[PDB]
Amino acid sequence: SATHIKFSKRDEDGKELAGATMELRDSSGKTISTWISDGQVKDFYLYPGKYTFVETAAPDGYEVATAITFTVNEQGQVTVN
Amino acid sequence: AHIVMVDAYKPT
């Protein structure tokens, strides 16, 4: 019952942006994964629960984005909080 | 599902 989630880190022209340090956290606060963006979509598979994508560092010339909180529900659908 | 996060440009 794991739901596929596609994460894109982009610039304002809508192109994939490399160089951003990112964490995905669950509702407890547990860091599920930490990576640096590399210019492609990042795929995760997540069970029901509430999670947060957090930008911990932005590449030079770029501003740190506000964290994105989302929920995957028991029906497999995803919602942004 | 798609999550899209944009990094805005800094000014100058």
# chains A, B, ... in the order shown; residues from 1 in each chain; ligands from 1
>>> interface_residues(of="chain A", to="chain B", cutoff="6 Å", atoms="only C-alpha atoms", output="list in words")
residues 5, 6, 7, 8, 9, 10, 11, 61, 62, 63 and 65 of chain A
>>> write_last_selection(atoms="N, CA, C and O atoms", output="compact mmCIF listing (two decimals), in the first residue's frame")
# COMPACT_ATOMS: atom_id res chain seq x y z
N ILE A 5 5.53 8.74 -4.89
CA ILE A 5 5.59 10.20 -4.86
C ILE A 5 6.77 10.73 -5.66
O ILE A 5 7.91 10.33 -5.45
N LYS A 6 6.48 11.64 -6.59
CA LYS A 6 7.51 12.24 -7.43
C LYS A 6 7.83 13.63 -6.93
O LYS A 6 6.96 14.47 -6.84
N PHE A 7 9.09 13.87 -6.61
CA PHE A 7 9.50 15.17 -6.08
C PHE A 7 10.39 15.89 -7.08
O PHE A 7 11.41 15.37 -7.50
N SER A 8 9.98 17.10 -7.45
CA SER A 8 10.74 17.94 -8.36
C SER A 8 11.23 19.17 -7.64
O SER A 8 10.45 19.86 -7.01
N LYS A 9 12.53 19.45 -7.73
CA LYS A 9 13.05 20.72 -7.22
C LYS A 9 13.44 21.56 -8.42
O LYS A 9 14.27 21.15 -9.23
N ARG A 10 12.85 22.73 -8.52
CA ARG A 10 12.91 23.48 -9.77
C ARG A 10 13.34 24.92 -9.56
O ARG A 10 13.37 25.42 -8.44
N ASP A 11 13.68 25.60 -10.66
CA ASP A 11 13.84 27.02 -10.58
C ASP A 11 12.55 27.64 -11.09
O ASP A 11 11.59 26.93 -11.36
N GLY A 61 22.78 31.77 -5.19
CA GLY A 61 21.93 32.50 -6.11
C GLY A 61 20.46 32.17 -5.92
O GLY A 61 19.60 32.79 -6.56
N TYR A 62 20.17 31.20 -5.05
CA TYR A 62 18.80 30.74 -4.85
C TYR A 62 18.35 30.83 -3.40
O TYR A 62 19.15 30.72 -2.48
N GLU A 63 17.05 31.02 -3.22
CA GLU A 63 16.45 31.22 -1.92
C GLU A 63 15.90 29.92 -1.41
O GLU A 63 15.40 29.11 -2.20
N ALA A 65 13.37 27.46 -0.14
CA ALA A 65 11.93 27.32 -0.28
C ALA A 65 11.28 26.96 1.05
O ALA A 65 11.89 26.30 1.88
>>> select_by_dssp(residues="chain A", states="strand (DSSP E)", output="PyMOL selection string")
chain A and resi 3-10+18-26+31-38+42-46+49-57+68-72+78-80
>>> write_last_selection(atoms="N, CA and C atoms", output="compact mmCIF listing (two decimals), in the first residue's frame")
# COMPACT_ATOMS: atom_id res chain seq x y z
N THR A 3 2.53 4.43 -1.70
CA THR A 3 2.15 5.34 -2.77
C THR A 3 3.37 5.99 -3.39
N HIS A 4 3.42 6.00 -4.71
CA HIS A 4 4.55 6.58 -5.42
C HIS A 4 4.47 8.10 -5.36
N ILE A 5 5.53 8.74 -4.89
CA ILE A 5 5.59 10.20 -4.86
C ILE A 5 6.77 10.73 -5.66
N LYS A 6 6.48 11.64 -6.59
CA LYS A 6 7.51 12.24 -7.43
C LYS A 6 7.83 13.63 -6.93
N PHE A 7 9.09 13.87 -6.61
CA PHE A 7 9.50 15.17 -6.08
C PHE A 7 10.39 15.89 -7.08
N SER A 8 9.98 17.10 -7.45
CA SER A 8 10.74 17.94 -8.36
C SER A 8 11.23 19.17 -7.64
N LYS A 9 12.53 19.45 -7.73
CA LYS A 9 13.05 20.72 -7.22
C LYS A 9 13.44 21.56 -8.42
N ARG A 10 12.85 22.73 -8.52
CA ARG A 10 12.91 23.48 -9.77
C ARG A 10 13.34 24.92 -9.56
N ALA A 18 19.66 21.69 -9.71
CA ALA A 18 20.63 20.89 -8.96
C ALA A 18 21.28 21.71 -7.86
N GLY A 19 21.68 21.04 -6.78
CA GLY A 19 22.48 21.68 -5.74
C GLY A 19 21.78 21.99 -4.44
N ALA A 20 20.51 21.61 -4.31
CA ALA A 20 19.75 21.88 -3.09
C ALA A 20 19.81 20.71 -2.13
N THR A 21 20.21 20.97 -0.89
CA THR A 21 20.17 19.90 0.11
C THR A 21 18.74 19.77 0.63
N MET A 22 18.23 18.54 0.62
CA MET A 22 16.83 18.26 0.90
C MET A 22 16.71 17.15 1.93
N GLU A 23 15.72 17.25 2.81
CA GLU A 23 15.38 16.14 3.69
C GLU A 23 13.91 15.82 3.55
N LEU A 24 13.57 14.54 3.63
CA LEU A 24 12.18 14.16 3.78
C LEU A 24 11.98 13.66 5.20
N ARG A 25 10.99 14.21 5.88
CA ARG A 25 10.75 13.87 7.28
C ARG A 25 9.36 13.30 7.48
N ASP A 26 9.20 12.36 8.41
CA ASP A 26 7.84 11.93 8.73
C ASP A 26 7.29 12.78 9.86
N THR A 31 14.00 11.97 10.08
CA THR A 31 14.53 12.18 8.74
C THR A 31 14.56 10.84 8.02
N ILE A 32 13.71 10.70 7.00
CA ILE A 32 13.60 9.46 6.23
C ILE A 32 14.70 9.36 5.17
N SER A 33 15.13 10.52 4.69
CA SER A 33 16.14 10.55 3.64
C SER A 33 16.71 11.95 3.50
N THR A 34 17.99 12.04 3.16
CA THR A 34 18.63 13.32 2.87
C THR A 34 19.41 13.18 1.57
N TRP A 35 19.23 14.13 0.68
CA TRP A 35 19.92 14.07 -0.60
C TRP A 35 20.20 15.47 -1.10
N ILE A 36 21.05 15.56 -2.11
CA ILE A 36 21.25 16.82 -2.79
C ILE A 36 20.60 16.72 -4.18
N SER A 37 19.80 17.71 -4.56
CA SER A 37 19.13 17.63 -5.85
C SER A 37 20.14 17.53 -6.98
N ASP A 38 19.80 16.80 -8.04
CA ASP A 38 20.75 16.58 -9.13
C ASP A 38 20.17 16.77 -10.52
N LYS A 42 12.88 12.98 -8.18
CA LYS A 42 13.23 12.09 -7.08
C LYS A 42 11.98 11.29 -6.72
N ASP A 43 12.11 9.96 -6.72
CA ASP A 43 10.98 9.07 -6.46
C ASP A 43 11.04 8.46 -5.05
N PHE A 44 9.92 8.52 -4.35
CA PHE A 44 9.78 7.84 -3.06
C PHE A 44 8.51 7.00 -3.07
N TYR A 45 8.47 5.99 -2.21
CA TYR A 45 7.26 5.19 -2.01
C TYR A 45 6.87 5.23 -0.54
N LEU A 46 5.72 5.82 -0.24
CA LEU A 46 5.37 6.08 1.15
C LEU A 46 4.02 5.52 1.57
N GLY A 49 0.40 8.46 6.18
CA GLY A 49 1.14 9.22 7.15
C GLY A 49 1.28 10.63 6.64
N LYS A 50 1.80 11.50 7.49
CA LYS A 50 2.01 12.90 7.16
C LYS A 50 3.52 13.09 7.08
N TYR A 51 3.98 13.74 6.02
CA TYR A 51 5.42 13.94 5.81
C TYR A 51 5.72 15.39 5.47
N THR A 52 7.01 15.73 5.46
CA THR A 52 7.47 17.09 5.15
C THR A 52 8.76 17.03 4.32
N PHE A 53 8.75 17.69 3.16
CA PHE A 53 9.97 17.90 2.38
C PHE A 53 10.61 19.18 2.88
N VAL A 54 11.84 19.11 3.36
CA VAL A 54 12.47 20.31 3.89
C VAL A 54 13.74 20.64 3.11
N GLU A 55 13.88 21.89 2.67
CA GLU A 55 15.11 22.34 2.03
C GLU A 55 16.04 22.87 3.10
N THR A 56 17.18 22.22 3.29
CA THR A 56 18.11 22.62 4.36
C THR A 56 19.25 23.51 3.84
N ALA A 57 19.50 23.47 2.54
CA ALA A 57 20.42 24.42 1.92
C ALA A 57 20.04 24.65 0.46
N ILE A 68 7.38 21.82 2.50
CA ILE A 68 6.09 21.37 2.01
C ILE A 68 5.59 20.18 2.82
N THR A 69 4.47 20.38 3.51
CA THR A 69 3.85 19.33 4.29
C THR A 69 2.74 18.67 3.50
N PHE A 70 2.78 17.34 3.44
CA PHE A 70 1.75 16.58 2.73
C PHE A 70 1.32 15.32 3.45
N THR A 71 0.15 14.83 3.07
CA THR A 71 -0.44 13.65 3.66
C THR A 71 -0.76 12.63 2.58
N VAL A 72 -0.35 11.39 2.82
CA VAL A 72 -0.83 10.26 2.04
C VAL A 72 -1.87 9.56 2.89
N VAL A 78 -2.96 11.58 -2.32
CA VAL A 78 -2.07 12.52 -1.64
C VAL A 78 -2.65 13.92 -1.59
N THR A 79 -2.46 14.59 -0.47
CA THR A 79 -3.00 15.92 -0.28
C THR A 79 -1.94 16.82 0.33
N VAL A 80 -1.96 18.10 -0.04
CA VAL A 80 -1.03 19.07 0.55
C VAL A 80 -1.68 19.88 1.66
>>> atom_distance(atom1="CA of residue 58 in chain A", atom2="CA of residue 15 in chain A")
15.2 Å
>>> atom_distance(atom1="CA of residue 75 in chain A", atom2="CA of residue 30 in chain A")
23.4 Å
>>> closest_residue(among="A:66, A:76, A:1, A:17", to="residue 39 in chain A", atoms="only C-alpha atoms")
A:17
